[PDB]
Amino acid sequence: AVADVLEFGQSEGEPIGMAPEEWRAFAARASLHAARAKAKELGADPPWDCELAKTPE
Amino acid sequence: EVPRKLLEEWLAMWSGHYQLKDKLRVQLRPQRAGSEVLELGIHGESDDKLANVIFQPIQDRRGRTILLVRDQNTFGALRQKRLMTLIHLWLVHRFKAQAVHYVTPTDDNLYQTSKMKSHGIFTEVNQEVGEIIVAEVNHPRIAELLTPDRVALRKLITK
Amino acid sequence: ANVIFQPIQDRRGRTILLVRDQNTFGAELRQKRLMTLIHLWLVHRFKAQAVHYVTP
C-alpha cells in the first residue's frame, strides 16, 4: 500500500523520501507500528485495515 | 489515482478548442519550502505562471476535507474561458473535498464562486461570519464531469 | 468579549484554531490581558498547535 503511494509520488515528479526498493527492504523487516511511523515520516499514510478482511472466525 | 497529467489532458482539450498553441503544464507543490500551504500553478512553455490557486487542505471535526483558498488568479488576459472552473474540478477530485472556503471575499472570488455555481461545481455558495465564502461541493455534478467518456466535460469546456 | 473560531486538523493531524473574529467589547476590560487568558484556555481546551486569523 505504501509502495503504491511512493511510486505515485515518483511518477508525479515529487521528491523521493526513499526509493521503492529501499521502502520494500524496510517494510519486509518492520512491525506494522514501525512501518506506519516510517510511512508517516515520508508523508505516505494510505488507508489500510486488516480488521475488515478478517474471516467470520 | 488523480495525477496532475489529468488536468494537463483537460487543458489540452481546452487549448485545442480555443486554438491556443502553448502547451499548458500543471505544477502542484508547497507554496514555499516546508509549508503545508500548496500552490497549483498553470505554466506555459516559457514557464510563466498563467493561473494559480494557493490553498491548504484541512479536515473539520467530522473528518470532511475542506480546501482553504488563500488566493486564486487567472493572470493571462485565458480569461472568460472557464479555466479556473477546470482547476477547481481537478482540486476537488484530487483532494476529495466536501467544501472550498475563500479567506478573502474579493470581487474576483465572489465572481469566480458564482460562475462555478452556475457550472454546477458547487450546490451552495454563502459569505459567512468572518467574511469568508463557503462553497459546498456538488458531488453528483463532479461525478458527471469525471465520466471517462468526457461528454459532460467537453460540453463544459466548449460551451 | 468573544472569539469566533473553528477547530480544524492539518495534513499532519495538528489542531489549528481558525479564528474568524475576536473582540474585547467592554472598554473597562481592555489593556488587561483578557484576550490572552481566553486564548490560554482555548489552546489548552483544544490542544492547539497553532492559531490562524482569517482577517489581518
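The record lists X-ray crystallography as the method behind this PDB entry and 1.80 Å as its resolution.

Colleague: Whenever I open this one, the interface of chain B and chain A confuses me. Can you help?
Modeller: Bring the parts together and some accessible area is lost; that lost area is often taken as the interface size. Of the residues lining the interface, five residues belong to chain B; the matching set on chain A comes to four residues. Together, the buried faces of chain B and chain A total about 340 Å²; carbon and sulfur atoms form 34% of this surface. Among the residues of chain B in contact with chain A, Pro3(B), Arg4(B) and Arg94(B) are the three that bury the most area, contributing 75% of the side total. At the surface where chain B touches chain A, the tally comes to two salt bridges. Of the charged contacts in the structure, one is a salt bridge between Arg94(B) and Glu12(A), with a shortest N-O distance of 3.4 Å. On the surface where chain B and chain A come into contact, there are two residue pairs in polar contact.

Colleague: Explain helix 5 (residues 151-158) of chain B to me, please; I cannot follow it from the model alone.
Modeller: Every α-helix carries 3.6 residues per turn, so stepping three or four residues along brings you back to the same face. Residue and element names in this part refer to chain B. Listed as buried for helix 5 are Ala152, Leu153, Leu156, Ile157 and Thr158. Close packing links the buried residues of helix 5 with helix 1 (4-17), helix 2 (83-95), helix 3 (107-119) and helix 4 (139-145). Within two residues after helix 5, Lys159 carries a phi angle of roughly 60 degrees, on the positive side.

Colleague: Quick question: what am I supposed to make of the nonpolar core here?
Modeller: Soluble globular proteins tend to bury their nonpolar side chains together. Of all hydrophobic cores here, the largest spans 44 residues; its most connected members are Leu7(B), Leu40(B), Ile42(B), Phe55(B), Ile87(B), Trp90(B) and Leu91(B). The dominant element in this core, judged by the number of residues it contributes, is helix 2 of chain B, at nine residues. Formed by eleven residues, the second largest nonpolar core is a distinct cluster that contains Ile66(B), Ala99(B), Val134(B) and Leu18(C).

Colleague: I would appreciate a short explanation of the packing of helix 1 (residues 2-11) of chain A against helix 2 (residues 20-28) of chain A in the present structure.
Modeller: Any two packed helices are characterised by how steeply their axes cross, that is the angle between the axes, and by the distance between the axes. Residues and elements named next belong to chain A. Where helix 1 meets helix 2, the axes come as close as 10 Å, and the angle between the chain directions of the two elements is 165 degrees. Classified by the angle their axes make, helix 1 and helix 2 are roughly antiparallel. As helix 1 runs across helix 2, the sense of the crossing is right-handed. Taking contact as the criterion, the partners of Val2, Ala3, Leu6 and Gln10 in helix 1 are, on helix 2, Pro20, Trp23 and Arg24.

Colleague: Help me out: how do you make sense of the interface of chain B and chain C in this one?
Modeller: Between chain B and chain C, the contact holds 16 residues from the first and 15 residues from the second. Both sides together, the interface formed by chain B and chain C hides about 1200 Å², and carbon and sulfur atoms give 51% of it. Of all residues in chain B, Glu36(B), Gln59(B) and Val129(B) bury the most surface against chain C, accounting for 38% of the area lost on that side. For the interface between chain B and chain C, the tally reads two salt bridges. Note that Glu128(B) and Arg20(C) form a salt bridge whose closest N and O atoms lie 3.0 Å from each other. The element best represented in the side of chain B that touches chain C is strand 3 (residues 49-59) of chain B, accounting for four residues. Across the side of chain B that touches chain C, the residue classes tally to seven nonpolar, four polar and five charged.

Colleague: Would you mind showing me how to read the pattern of salt bridges here?
Modeller: Pairing is possible between side chains that carry opposite charge, provided their charged atoms lie close to one another. Tallied over the full model, the rule gives 16 salt bridges over all chains. Across the salt bridge formed by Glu14(A) and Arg94(B), the nearest N and O atoms sit 3.7 Å from each other. One end of the pair, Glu14(A), is in the loop between helix 1 and helix 2; the other, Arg94(B), is in helix 2, on a second chain.

Colleague: How do you make sense of empty space enclosed by the protein when you look at a structure like this?
Modeller: Empty pockets left among the atoms are what a rolling probe the size of a water molecule brings to light. Considering only enclosed or pocket space, the largest cavity measures out at about 80 Å³ in volume. For the largest cavity, the full set of lining residues is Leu68(B), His101(B), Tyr102(B), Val103(B), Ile132(B), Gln6(C), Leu18(C), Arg20(C) and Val54(C). Among the elements of the structure, strand 5 (99-102) of chain B together with strand 2 (15-23) of chain C are those that each provide at least two residues to the lining of the largest cavity. Class assignment of the residues belonging to the lining of the largest cavity gives a composition of six nonpolar, two polar and one charged.

Colleague: Help me out: how do you make sense of the layout of surface pockets in this one?
Modeller: Estimates place the volume of the largest pocket at around 2000 Å³. Along its surface, the largest pocket is lined by 47 residues, and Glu14(A), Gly43(A), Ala44(A), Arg94(B) and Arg11(C) are the ones closest to its centre. Those elements giving two or more residues to the lining of the largest pocket turn out to be helix 1 and helix 3 (32-41) of chain A together with helix 1, strand 1 (25-30), strand 3 and helix 2 of chain B. A breakdown of the residues in the lining of the largest pocket according to their chemical character gives 19 nonpolar, twelve polar and 16 charged. Roughly 240 Å³ of volume is contained in the second largest pocket. Lining the second largest pocket are 15 residues, and of these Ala1(A), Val2(A), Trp23(A), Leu32(A) and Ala35(A) lie nearest its centre. Mapped onto the lining of the second largest pocket, the elements with two or more residues apiece are helix 1, helix 2 and helix 3 of chain A.

About the cut-offs
- Residues numbered from 1 in each chain as written, not as in the entry; some residues may be left out.
- Chains lettered and ligands numbered in written order.
- Part of a larger assembly, values for the part shown.
- Heavy atoms only, no water.
- Contact = heavy atoms within 4.5 Å.
- Buried area = accessible area lost by both parts, 1.4 Å probe.
- Salt bridge = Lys/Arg side-chain N within 4 Å of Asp/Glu carboxyl O.
- Polar contact = N/O pair within 3.5 Å; in protein donor to acceptor, adjacent residues only side chain to side chain.
- Buried < 20%, exposed > 50% of the residue type's maximum accessible area, 1.4 Å probe, protein only.
- Helix = DSSP H or I, 4+ residues; strand = E, 2+ residues; numbered from the N terminus.
- Core = buried A, V, L, I, M, F, W, Y, C linked by side-chain atoms within 4.5 Å.
- Axes fitted to C-alpha atoms, helices over the stretch in contact; angles between N-to-C directions.
- Parallel < 35°, antiparallel > 145°, perpendicular 65-115°, else oblique.
- Left-handed = near helix turned anticlockwise from the far one by under 90°.
- Nonpolar A, V, L, I, M, F, W, Y, C, P; charged D, E, K, R; others polar.
- 1 Å grid on protein atoms, 1.4 Å probe; cavity = no way out; pocket = protein on both sides within 12 Å on 5 of 7 lines; lining within 4 Å.
- Points joined across faces, edges and corners; volume = space filled by probe spheres on them.

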